[PDB]
Amino acid sequence: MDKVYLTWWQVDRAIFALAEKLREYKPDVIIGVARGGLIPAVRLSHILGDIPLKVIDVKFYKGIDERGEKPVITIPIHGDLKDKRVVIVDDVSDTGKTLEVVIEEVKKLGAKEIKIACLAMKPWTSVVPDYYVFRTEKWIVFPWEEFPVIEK
Amino acid sequence: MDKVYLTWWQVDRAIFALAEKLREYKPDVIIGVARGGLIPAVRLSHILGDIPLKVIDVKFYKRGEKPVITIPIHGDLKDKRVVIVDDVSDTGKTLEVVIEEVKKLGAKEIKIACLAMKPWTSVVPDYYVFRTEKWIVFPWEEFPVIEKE
Amino acid sequence: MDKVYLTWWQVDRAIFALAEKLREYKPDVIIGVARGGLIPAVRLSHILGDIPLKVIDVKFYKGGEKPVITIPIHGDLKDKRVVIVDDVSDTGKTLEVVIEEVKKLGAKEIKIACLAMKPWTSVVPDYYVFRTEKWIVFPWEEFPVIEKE
Amino acid sequence: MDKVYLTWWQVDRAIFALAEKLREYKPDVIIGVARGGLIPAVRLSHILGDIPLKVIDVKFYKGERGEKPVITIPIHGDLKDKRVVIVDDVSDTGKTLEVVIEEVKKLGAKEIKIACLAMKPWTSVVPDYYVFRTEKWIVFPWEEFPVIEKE
Amino acid sequence: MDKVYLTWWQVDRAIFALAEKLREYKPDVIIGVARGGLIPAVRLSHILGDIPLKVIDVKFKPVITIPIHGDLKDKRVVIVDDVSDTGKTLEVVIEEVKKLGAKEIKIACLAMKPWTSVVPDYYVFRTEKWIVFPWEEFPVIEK
Amino acid sequence: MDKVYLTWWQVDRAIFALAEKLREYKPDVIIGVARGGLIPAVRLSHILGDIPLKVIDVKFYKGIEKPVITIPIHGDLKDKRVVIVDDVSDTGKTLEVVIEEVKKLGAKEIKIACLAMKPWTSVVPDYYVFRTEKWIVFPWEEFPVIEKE
Amino acid sequence: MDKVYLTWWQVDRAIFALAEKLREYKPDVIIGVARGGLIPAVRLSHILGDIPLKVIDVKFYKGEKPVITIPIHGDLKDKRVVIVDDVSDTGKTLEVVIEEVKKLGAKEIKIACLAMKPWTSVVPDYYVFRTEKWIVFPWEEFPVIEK
Amino acid sequence: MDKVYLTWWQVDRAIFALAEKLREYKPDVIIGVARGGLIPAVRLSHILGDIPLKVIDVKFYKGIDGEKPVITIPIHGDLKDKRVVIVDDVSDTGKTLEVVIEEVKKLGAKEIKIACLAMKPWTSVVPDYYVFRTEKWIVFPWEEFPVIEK
Amino acid sequence: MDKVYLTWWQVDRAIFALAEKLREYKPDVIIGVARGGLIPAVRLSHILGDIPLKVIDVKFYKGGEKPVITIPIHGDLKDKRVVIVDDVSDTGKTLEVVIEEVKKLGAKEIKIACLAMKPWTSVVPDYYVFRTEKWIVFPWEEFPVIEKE
Amino acid sequence: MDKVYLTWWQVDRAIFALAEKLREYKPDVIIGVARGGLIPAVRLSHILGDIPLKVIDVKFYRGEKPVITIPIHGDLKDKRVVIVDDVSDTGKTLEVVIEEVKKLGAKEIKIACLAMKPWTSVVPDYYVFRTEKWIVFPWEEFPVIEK
Amino acid sequence: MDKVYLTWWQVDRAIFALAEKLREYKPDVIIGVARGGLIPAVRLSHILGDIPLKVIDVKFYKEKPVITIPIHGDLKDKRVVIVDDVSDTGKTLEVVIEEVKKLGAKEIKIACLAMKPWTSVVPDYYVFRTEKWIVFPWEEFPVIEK
Amino acid sequence: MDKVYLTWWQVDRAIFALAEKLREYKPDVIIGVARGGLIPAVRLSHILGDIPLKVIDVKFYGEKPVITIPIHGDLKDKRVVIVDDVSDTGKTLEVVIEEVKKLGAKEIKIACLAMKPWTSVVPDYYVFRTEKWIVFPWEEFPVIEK
């Protein structure tokens with residue numbers, strides 16, 4: 001087993017730890033990255049005084065290039081975030097691909113300050129989270145994810 | 001006790017059970033109600049074969065309470081079989097706002113699935129697992145603390 | 001069961017118990033919110049020395065929702081010790097409107113008495129007997145019948 | 001014991017009986033006459049498909065503050081084009097029902113009907129619908145008892 | 001108010017009273033006379049060790065709306081009715097029970113009036129007024 | 001029917017009536033006269049701030065009637081306001097035996113509260129609610145059965 | 001509590017409530033499932049217009065098999081029937097009655113019960129109380145736990 | 001709800017049921033326990049053939065701060081060759097009943113039997129006869145309906 | 001709520017508790033009824049010293065309704081102390097069969113152990129933990145879903 | 001059911017919720033009542049900033065009398081104390097502890113519990129669960145009913 | 001710690017995944033191999049429309065296999081599915097396949113939660129692949145004494 | 001992830017396993033080592049027939065030991081068992097053993113959930129072995145910032 005299976009208690013404790021740290025930052029709004037992002041996002045929305053939750057969904061297709069992928073925003077976020085402390089919540093920063101796209105949609109809305117929180121991150125990511133709990137190189141199977149079946 | 005504190009497992013086993021019954025329905029799109037609907041919708045979305053996911057947020061503001069659409073449903077739903085997902089149908093006040101909002105978009109067929117439902121609701125879910133009148137604390141919600149006064 | 005069916009006696013004994021504690025407060029006026037509060041207001045009114053009885057009716061219409069005063073209360077209660085009587089404090093929405101209307105009559109001190117209250121209400125009664133989350137059918141209400149859809 | 005002590009089950013049954021006769025009349029609004037008149041008026045409001053309830057309070061004072069019938073709680077909104085039913089616990093002399101009847105007409109009531117739990121042989125206002133007849137004083141389920149002290 | 005309005009607590013205590021007296025008799029079966037009679041019949045049925053219950057309905061002339069079958073041969077019977085007013089119905093019931101050859105026959109009622117032609121073997125209330133039972137509805141007086 | 005059958009609601013409302021008068025008296029202890037007497041005694045005990053309850057049982061024998069105390073009053077009653085409670089004062093014979101037993105325990109003051117009284121009783125209660133000449137069947141009493149001779 | 005002890009008054013109010021709904025159905029006949037359904041039937045009979053009252057009694061003896069101790073008399077052809085029982089728990093007694101009522105060929109069939117348990121195989125058409133707990137009806141004897 | 005409010009009727013019916021099961025026992029004396037079982041004992045006494053009624057009252061006094069039990073209303077004489085029935089309203093913790101039992105045993109009861117209307121699972125004294133079973137707060141008909149104030 | 005959803009851990013703690021009490025009984029063989037008792041019996045099998053595990057499956061078919069032993073017990077249980085393991089003793093019909101069936105194999109002593117039991121069962125387990133009248137959904141069963149008929 | 005069986009996760013979420021409120025009270029010391037309050041005290045201790053931890057064990061043995069098996073060590077003069085326990089049932093154990101804490105001159109005292117029963121004489125300043133049922137906590141052994 | 005400790009949520013999720021593949025196969029009967037096998041067997045039994053469940057137990061003595069809990073009845077024209085916790089050597093699974101064939105199994109499929117790479121019986125469906133010993137949620141632990 | 005995250009179910013089973021071994025020993029009293037050690041100690045206190053529990057708390061800042069919560073009473077003629085979560089260096093357990101001897105403990109046994117290879121004090125009963133930092137079910141997690 002070269003995969004990491006995070007339990008729900010591991011995710012709850014991780015979220016509680018992040019919360020205490022995000023309290024010093026005082027977020028005005030949360031932006032959850034779908035789909036895994038929305039678990040920590042919803043919980044943080046509650047734990048931090050029911051602060052507004054915005055949802056964004058970024059998806060990737062192969063497009064007209066073989067070596068390359070262009071982002072298609074499934075679920076957008078609206079309204080402006082001028083003078084608003086923003087905190088983007090996602091489950092893990094693997095390549096940082098999705099996060100970079102999200103940081104650009106948050107700036108287009110005039111985000112005052114921007115912080116990034118994740119449950120875990122991988123060493124090579126191009127977007128290190130400002131706050132995270134787990135560090136690993138393996139593939140992470142979260143408590144809310146199903147398992148693949150191996151057939152002959 | 002005064003409240004029901006649903007564990008992640010109990011909610012997960014309910015999402016699976018709900019998914020099994022929703023296969024027969026074959027949803028084209030899943031509409032999750034913010035915020036209690038989100039987690040369940042995420043899991044059902046993938047279990048049902050990575051079907052498209054949409055979000056809708058309804059807040060009520062105070063004489064009298066008027067509903068506000070925090071996050072509107074993007075795109076249209078013409079000819080699509082829709083499924084509105086929520087954690088619980090309590091009064092059915094939010095669900096009724098969603099139902100109409102989906103109808104504006106052109107859902108071929110609308111179906112509602114909830115983890116729980118309360119006997120006195122005005123919107124009986126087409127699919128639900130838990131039934132109670134008690135105060136329900138879902139795993140993603142904060143455990144309320146009672147203080148003095 | 002799914003509902004609590006309070007018998008006339010259980011309610012009579014609660015009204016008696018509430019009067020016993022309301023003596024110390026020495027009410028000058030009793031505001032019974034119809035319709036659930038009227039029968040209890042009538043009895044407390046007499047037990048407490050035949051004190052003046054006023055009535056208020058608040059109805060909530062749908063089309064958001066705004067409250068409409070079906071039966072308004074009049075006459076200033078300047079420096080009068082008022083007691084608001086109702087059958088139950090459920091969400092607290094009605095009792096909040098009744099409080100606003102009593103204060104509009106210049107009420108000195110306001111106390112609230114109910115036979116029952118639900119743990120999630122916004123207006124906890126200064127006096128109550130029954131505490132539950134279940135569906136409450138008071139003796140004066142009709143016993144609901146469940147019919148197939 | 002020269003008094004008639006009505007149980008809640010007698011009051012409940014008397015109310016279900018009045019409901020059946022009242023369905024035929026198809027009341028549009030109920031006017032409850034305080035105080036004991038509210039118990040029956042409320043119950044009928046529910047049984048008859050939640051028809052709107054209005055309250056009227058009539059008080060006959062005697063010896064300060066008194067001259068003739070005073071209307072403690074008035075009824076408002078016109079009843080123009082409405083079938084009205086006036087509910088009270090008992091029509092003893094009818095002094096009260098008469099004043100109420102006058103306030104209703106004074107509001108334009110399309111038609112008027114009277115229903116009570118009981119009535120006494122000497123009333124000047126015989127209810128269109130009622131259940132008990134007696135000359136004794138009635139102690140309803142919702143009333144307290146006086147105590148007899150030596151003195 | 002020239003009527004007697006029995007409460008459920010009066011009816012319940014009447015039954016418990018009857019039951020203790022009926023235990024000395026040891027009924028093998030109970031014959032309940034619809035309609036008001038079923039109430040006491042049912043209660044005595046459970047109270048007396050869940051003994052068999054047969055329902056007989058007599059309407060008036062005399063036509064049996066609900067017949068009782070089987071033979072009460074060598075079976076001590078107790079006929080349960082709410083009130084023995086004139087005795088008319090009860091006398092008809094006494095027949096059908098003998099026709100089935102009952103080892104013995106006893107009658108138990110809640111009430112009974114002075115003039116009845118059939119005095120119950122066991123009863124509780126005696127009156128001359130009309131009895132309105134807990135399970136009955138009330139008439140309305142109109143103009 | 002030549003008997004008066006008192007319901008529990010009649011008995012409760014009587015006891016509540018008696019209680020409000022006994023509050024002006026502020027009794028220190030209650031002497032409940034078994035057996036029927038024990039129902040209103042226990043209730044008044046609870047209604048008047050759990051004031052202590054003592055029990056007394058008086059039986060009569062064919063006087064060659066002579067009284068016999070089955071259950072005596074424990075302790076003494078020096079400097080305490082007393083209230084003797086019974087269901088009904090019929091002849092007054094029982095109450096008289098009790099008034100005497102109370103006095104010889106040195107009761108400061110003495111009061112008598114009954115549910116009912118009959119016109120010819122020798123001991124008129126200081127407080128009562130029902131007056132009748134008929135035999136009274138209380139809510140806690142069973143009925144006799146009329147068999148054939 | 002372990003059990004539910006319905007009072008005469010509660011039962012009576014349920015009956016009045018059921019009757020109000022049953023009016024729209026205009027029953028031609030009422031069949032009281034004995035013994036529990038009898039008392040409710042009697043009242044429903046008078047309340048709906050002194051409509052005919054038939055009685056049925058199905059006893060289960062021990063696998064197991066039913067024994068109709070008191071069969072329904074006459075035929076119900078072209079008649080709208082209403083079966084009345086105190087509670088629909090398992091539903092085994094009612095199913096044996098729905099059939100027996102079809103034999104006599106009934107026009108329409110609706111079931112009216114005071115109570116109903118969630119796991120019942122026979123969800124009545126009209127009911128008031130809903131519980132999973134042990135129900136003790138007024139006419140039944142209060143159970144006593146001994147050692 | 002938070003509490004169970006038994007009606008007089010529910011209590012009367014339970015008393016009848018207990019009486020019926022007690023008939024086989026054939027009690028000689030009924031020892032009502034104050035204050036809860038007084039009313040039930042009064043009724044049981046008559047129903048079971050006017051058998052003599054005795055009363056015992058046990059109170060707990062807090063020392064100057066535990067709790068010590070003291071007999072407020074004693075039982076005179078003895079209970080030799082007498083089949084007894086101790087009647088109470090409910091057997092919650094069983095503390096009271098245990099004291100009443102020791103006293104009854106000291107008076108030489110031939111046989112003892114406990115009968116209560118209610119019983120709580122965690123009790124140290126399971127009644128020999130009982131009807132209601134719950135863990136909730138029980139308000140008997142003879143008690144005051146509790147009011148909650150701020 | 002309307003149903004009880006025992007978690008794996010709750011069931012596990014129950015099994016450990018039962019195992020501890022059985023240690024005194026020293027069971028020779030464990031008989032799990034299918035399918036509810038299988039999982040519990042496996043754990044108790046190992047915990048109690050890797051004692052042999054036999055299986056029995058009783059199903060009920062309608063016409064009346066009688067039992068059919070889908071999986072009989074293998075071997076004989078002479079002079080052995082037996083322990084029947086089941087998830088819940090609801091009505092007791094299933095266990096009654098299993099008992100006769102085990103008695104046929106001539107068991108020295110028979111003992112019943114379940115996780116749960118209902119008040120009305122005709123077969124009170126010798127060892128149980130949970131007690132309820134509600135619908136019990138064990139971890140191995142599926143979470144029922146309610147759909148609109 | 002007859003008893004409530006709180007899971008480790010439910011207790012842990014209660015403790016996390018409780019800690020958030022206790023943050024506003026700025027405790028100086030935590031007194032964990034044995035044995036039930038020890039586990040929640042340990043965790044609360046750490047979460048609130050490793051604030052010192054005292055332990056007290058009160059047992060009950062003519063009549064019933066409280067005995068302190070483990071006394072609090074040190075003094076609490078001027079300290080803002082927090083007494084931690086699993087459940088406030090009757091309230092008799094918490095009463096003895098409040099007295100013992102005062103004997104050490106505690107300035108402010110607060111009581112934090114996971115659960116509380118409605119008839120308790122010591123209503124907690126902070127609690128999560130409310131019920132009258134028999135509460136089995138994760139650390140207690142599941143009770144087995146035998147014959 | 002050299003062992004793999006599997007949680008109940010892992011076992012449940014693995015079972016739900018297996019069941020979704022087994023629906024395409026539409027089994028008629030499930031054969032759970034005692035003892036650990038009965039866990040997933042019982043669960044799949046319910047998940048797949050309560051299809052019948054037979055139990056088989058294979059022990060070994062010196063090796064020579066002995067069936068301690070035989071499965072009776074026939075599987076003629078019945079797509080069978082054998083369920084177990086883990087396929088290690090495959091030793092036991094082979095003895096089970098033989099017994100299933102000896103009863104007329106129309107088709108045979110094997111579903112396991114896990115499998116070691118060196119097994120002689122690679123399951124048609126499995127979820128976990130490991131070389132370490134696996135401790136399942138229903139298993140007790142050894143105490144290292146002195 | 002170079003840390004080991006124990007679950008409550010792993011701890012519960014560890015505790016149950018240890019408990020069966022401790023029944024052979026029959027402890028008179030248990031000595032829980034705060035703080036993580038209280039979890040096992042309380043649990044064992046209950047499982048082993050509610051035997052008396054005592055709490056001790058040692059702290060360090062060379063590295064001098066500071067007893068934050070002492071124990072008292074004579075453990076004369078009493079078989080004692082010290083319970084801790086993990087025996088890493090053996091540092092705390094040496095102090096605790098000292099405190100128990102000063103009370104004249106008849107026999108002393110040590111029981112931990114886990115232990116590490118280099119410990120100066122090897123538990124008489126333990127379940128897990130590791131060289132990694134163990135994160136218990138009741139502990140919080142550190143957050144990594146920039």
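Below, read A as the first sequence line, B as the second, and so on, with proteins coming before strands; counting in each chain starts at 1.
Residue pairs that meet the side chain to side chain donor-acceptor pair (under 3.5 Å) test with at least one member in residues 135-149 of chain I, sequence neighbours left out, are B:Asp126-I:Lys148. Listed by first then second residue, pairs satisfying ring pair (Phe, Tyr, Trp, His ring centres under 6.0 Å) with a partner in residues 76-125 of chain B number zero, not counting sequence neighbours. For the ring pair (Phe, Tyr, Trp, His ring centres under 6.0 Å) condition, the pairs that include at least one residue of residues 65-106 of chain B, sequence neighbours left out, are A:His78-B:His74.
Atom CD1 of G:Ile30 and atom CG of G:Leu22 lie 7.0 Å apart (nearest 0.5 Å). The line from CZ of G:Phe16 to CG of G:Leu44 is 10.0 Å long, rounded to the nearest 0.5 Å. B:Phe143 CZ to J:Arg13 CZ: the interatomic distance, rounded to the nearest 0.5 Å, is 5.5 Å. One distance of note links CG of G:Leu18 with CG of G:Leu114; it measures 6.0 Å at 0.5 Å rounding.
Under the salt bridge (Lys or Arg N to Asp or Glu O under 4.0 Å) criterion, G:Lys117 pairs with G:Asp89, not counting sequence neighbours. Looking at residues two or more places apart in sequence or on another chain, you find a side-chain contact (heavy atoms from CB on, under 4.5 Å) between G:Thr131 and C:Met1, G:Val4, G:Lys133, G:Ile135. Partners of C:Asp2 according to the salt bridge (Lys or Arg N to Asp or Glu O under 4.0 Å) rule, which considers only residues two or more places apart in sequence or in another chain, are B:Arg131, G:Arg130. Under the rule for a ring pair (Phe, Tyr, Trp, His ring centres under 6.0 Å), the partners of G:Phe129 that lie at least two apart in sequence or sit in another chain are C:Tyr5. Remark: B:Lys93 engages B:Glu65 in a salt bridge (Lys or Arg N to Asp or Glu O under 4.0 Å) (not counting sequence neighbours). Here G:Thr120 pairs with G:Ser88, G:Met116, G:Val122, G:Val123 under the side-chain contact (heavy atoms from CB on, under 4.5 Å) rule; sequence neighbours left out. The salt bridge (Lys or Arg N to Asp or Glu O under 4.0 Å) check on B:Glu20 picks up B:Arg23, K:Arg23, with sequence neighbours excluded.
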Quiz: residues 77-86 of chain B side-chain donor-acceptor pairs under 3.5 angstrom, not counting sequence neighbours:
from: B:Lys80; atom 1: NZ; to: B:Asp76; atom 2: O; distance (Å): 2.5
from: B:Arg81; atom 1: NE; to: B:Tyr25; atom 2: O; distance (Å): 3.2
from: B:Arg81; atom 1: NE; to: B:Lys26; atom 2: O; distance (Å): 2.9
from: B:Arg81; atom 1: NH2; to: B:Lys26; atom 2: O; distance (Å): 3.3

Tabulate below the donor-acceptor pairs under 3.5 Å that side-chain atoms of residues 94-106 of chain B make, not counting sequence neighbours, or state none.
from: B:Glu96; atom 1: OE1; to: B:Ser122; atom 2: OG; distance (Å): 3.4
from: B:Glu96; atom 1: OE2; to: B:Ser122; atom 2: OG; distance (Å): 3.3

(request) Could you go through the salt bridge (charged side-chain N to carboxylate O under 4.0 Å, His left out) check for C:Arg35 and C:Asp87 one step at a time? (result) CA-CA 9 Å; C:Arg35 301 162 283 155; C:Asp87 49 3; over 6 Å; no
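Among B:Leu48, B:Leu38, B:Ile15, the one residue that satisfies the side-chain contact (heavy atoms from CB on, under 4.5 Å) test with B:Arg43 is B:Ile15.
Under the 4.5 Å side-chain criterion, counting only non-hydrogen atoms from C-beta, B:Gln10 is not in contact with B:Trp8. Using a 4.5 Å cut-off on side-chain heavy atoms (C-beta onward), B:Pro52 and A:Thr74 make no contact.
Contact record, B:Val129 with I:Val145: CG2-CG2, 4.0 Å, taken as the closest heavy-atom pair.
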